[PDB]
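Next comes work30.txt, a file with compact mmCIF, N, CA, C and O atoms.
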```txt
# COMPACT_ATOMS: atom_id res chain seq x y z
N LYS A 492 -47.18 -59.04 34.26
CA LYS A 492 -45.90 -58.75 33.63
C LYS A 492 -45.09 -57.76 34.46
O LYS A 492 -43.86 -57.76 34.41
N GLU A 493 -45.80 -56.92 35.22
CA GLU A 493 -45.12 -55.96 36.09
C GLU A 493 -44.46 -56.66 37.27
O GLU A 493 -43.38 -56.24 37.71
N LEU A 494 -45.09 -57.71 37.79
CA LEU A 494 -44.48 -58.49 38.87
C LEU A 494 -43.25 -59.24 38.37
O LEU A 494 -42.27 -59.40 39.11
N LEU A 495 -43.27 -59.70 37.12
CA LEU A 495 -42.09 -60.33 36.53
C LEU A 495 -40.95 -59.33 36.35
O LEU A 495 -39.79 -59.68 36.58
N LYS A 496 -41.26 -58.09 35.95
CA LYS A 496 -40.23 -57.07 35.83
C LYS A 496 -39.67 -56.68 37.20
O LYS A 496 -38.47 -56.43 37.33
N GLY A 497 -40.53 -56.64 38.22
CA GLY A 497 -40.05 -56.41 39.57
C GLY A 497 -39.19 -57.54 40.09
O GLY A 497 -38.21 -57.31 40.81
N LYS A 498 -39.53 -58.78 39.73
CA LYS A 498 -38.70 -59.94 40.07
C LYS A 498 -37.35 -59.87 39.38
O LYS A 498 -36.32 -60.19 39.99
N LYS A 499 -37.32 -59.45 38.11
CA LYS A 499 -36.06 -59.27 37.39
C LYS A 499 -35.21 -58.17 38.01
O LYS A 499 -33.98 -58.30 38.10
N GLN A 500 -35.85 -57.07 38.43
CA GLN A 500 -35.11 -55.99 39.08
C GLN A 500 -34.55 -56.42 40.43
O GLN A 500 -33.41 -56.10 40.77
N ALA A 501 -35.34 -57.18 41.21
CA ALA A 501 -34.83 -57.74 42.46
C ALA A 501 -33.70 -58.73 42.22
O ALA A 501 -32.75 -58.79 43.01
N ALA A 502 -33.78 -59.49 41.12
CA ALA A 502 -32.72 -60.42 40.76
C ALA A 502 -31.42 -59.69 40.42
O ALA A 502 -30.34 -60.11 40.84
N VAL A 503 -31.51 -58.59 39.66
CA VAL A 503 -30.28 -57.90 39.29
C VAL A 503 -29.71 -57.11 40.48
O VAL A 503 -28.49 -56.96 40.59
N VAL A 504 -30.57 -56.64 41.40
CA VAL A 504 -30.06 -56.03 42.63
C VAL A 504 -29.39 -57.07 43.52
O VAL A 504 -28.34 -56.81 44.11
N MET A 505 -29.95 -58.28 43.58
CA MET A 505 -29.31 -59.37 44.33
C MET A 505 -27.98 -59.79 43.70
O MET A 505 -27.03 -60.11 44.41
N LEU A 506 -27.91 -59.78 42.36
CA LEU A 506 -26.66 -60.08 41.67
C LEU A 506 -25.60 -59.01 41.93
O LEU A 506 -24.43 -59.33 42.14
N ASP A 507 -26.00 -57.74 41.94
CA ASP A 507 -25.07 -56.67 42.30
C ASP A 507 -24.64 -56.77 43.76
O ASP A 507 -23.50 -56.46 44.11
N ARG A 508 -25.55 -57.24 44.63
CA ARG A 508 -25.21 -57.43 46.04
C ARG A 508 -24.18 -58.54 46.23
O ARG A 508 -23.23 -58.38 47.00
N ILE A 509 -24.34 -59.66 45.53
CA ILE A 509 -23.36 -60.73 45.70
C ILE A 509 -22.06 -60.41 44.95
O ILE A 509 -20.99 -60.89 45.33
N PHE A 510 -22.12 -59.56 43.92
CA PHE A 510 -20.88 -59.03 43.35
C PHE A 510 -20.17 -58.10 44.32
O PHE A 510 -18.93 -58.09 44.37
N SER A 511 -20.92 -57.32 45.11
CA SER A 511 -20.32 -56.52 46.17
C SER A 511 -19.75 -57.40 47.28
O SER A 511 -18.78 -57.02 47.94
N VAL A 512 -20.37 -58.56 47.52
CA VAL A 512 -19.81 -59.55 48.43
C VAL A 512 -18.48 -60.08 47.89
O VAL A 512 -17.51 -60.25 48.64
N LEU A 513 -18.40 -60.31 46.58
CA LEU A 513 -17.15 -60.77 45.99
C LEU A 513 -16.18 -59.64 45.66
O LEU A 513 -15.12 -59.93 45.08
N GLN A 514 -16.51 -58.38 45.96
CA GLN A 514 -15.55 -57.29 45.78
C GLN A 514 -14.27 -57.44 46.62
O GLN A 514 -13.18 -57.20 46.07
N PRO A 515 -14.30 -57.81 47.92
CA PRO A 515 -13.04 -58.25 48.53
C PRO A 515 -12.78 -59.72 48.26
O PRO A 515 -13.68 -60.56 48.36
N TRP A 516 -11.54 -60.03 47.92
CA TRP A 516 -11.17 -61.36 47.43
C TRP A 516 -10.63 -62.19 48.59
O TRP A 516 -9.50 -61.98 49.05
N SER A 517 -11.44 -63.14 49.05
CA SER A 517 -11.06 -64.05 50.12
C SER A 517 -11.86 -65.34 49.95
O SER A 517 -12.84 -65.39 49.20
N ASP A 518 -11.42 -66.38 50.65
CA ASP A 518 -12.09 -67.68 50.57
C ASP A 518 -13.47 -67.63 51.24
O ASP A 518 -14.41 -68.28 50.77
N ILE A 519 -13.58 -66.88 52.33
CA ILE A 519 -14.86 -66.74 53.03
C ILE A 519 -15.86 -65.99 52.16
O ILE A 519 -17.05 -66.32 52.13
N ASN A 520 -15.38 -64.99 51.40
CA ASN A 520 -16.25 -64.22 50.52
C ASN A 520 -16.81 -65.06 49.38
O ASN A 520 -18.00 -64.98 49.06
N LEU A 521 -15.97 -65.90 48.76
CA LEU A 521 -16.46 -66.75 47.68
C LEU A 521 -17.32 -67.89 48.22
O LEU A 521 -18.25 -68.35 47.54
N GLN A 522 -17.04 -68.35 49.44
CA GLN A 522 -17.90 -69.35 50.08
C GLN A 522 -19.28 -68.77 50.39
O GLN A 522 -20.30 -69.45 50.23
N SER A 523 -19.33 -67.50 50.81
CA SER A 523 -20.61 -66.84 51.03
C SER A 523 -21.32 -66.56 49.71
O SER A 523 -22.56 -66.60 49.65
N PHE A 524 -20.56 -66.28 48.64
CA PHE A 524 -21.15 -66.18 47.30
C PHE A 524 -21.81 -67.48 46.90
O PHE A 524 -22.96 -67.48 46.44
```

What is this structure when it is put down as C-alpha cells?
Amino acid sequence: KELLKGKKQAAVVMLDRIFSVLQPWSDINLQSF
C-alpha cells in the first residue's frame, strides 16, 4: 500500500509538472502536454 501511495504522489507531482508545462500558453506547450 505504501508503494501505491508513492505511485500516487509521483502521479500528482507529474501532473503538477505538466501543469507547469502548460503555464505558458502556446501550441508547442499544449502539444508537449

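Reported to one decimal place, the separation of atom O of residue 520 in chain A from atom O of residue 507 in chain A is 11.3 Å.
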
Between atom N of residue 522 in chain A and CA of residue 505 in chain A, what is the distance, to one decimal in Å? 16.0 Å

Based on the backbone DSSP call, show me all residues of chain A assigned alpha helix (DSSP H), as a list in words.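 Written out, the alpha helix (DSSP H) residues of chain A are residues 493, 494, 495, 496, 497, 498, 499, 500, 501, 502, 503, 504, 505, 506, 507, 508, 509, 510, 511, 512, 518, 519, 520, 521, 522 and 523 of chain A.
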
Quick one, how far is CA of residue 517 in chain A from atom O of residue 504 in chain A?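 Between CA of residue 517 in chain A and atom O of residue 504 in chain A the gap works out to 19.7 Å.
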
Excluding same-chain residues fewer than 6 positions from residue 523 in chain A, what lies within 8 Å of it counting all atoms listed in the file, as a list in words?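 The neighbour list is residues 509, 512, 513 and 517 of chain A.
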
Need the axis-aligned box for range 512-518 of chain A with 5 Å each side, so what are the centre and edges in Å to one decimal, as AutoDock Vina command-line options?
```
--center_x -14.9 --center_y -62.7 --center_z 48.2 --size_x 20.9 --size_y 21.1 --size_z 16.2
```
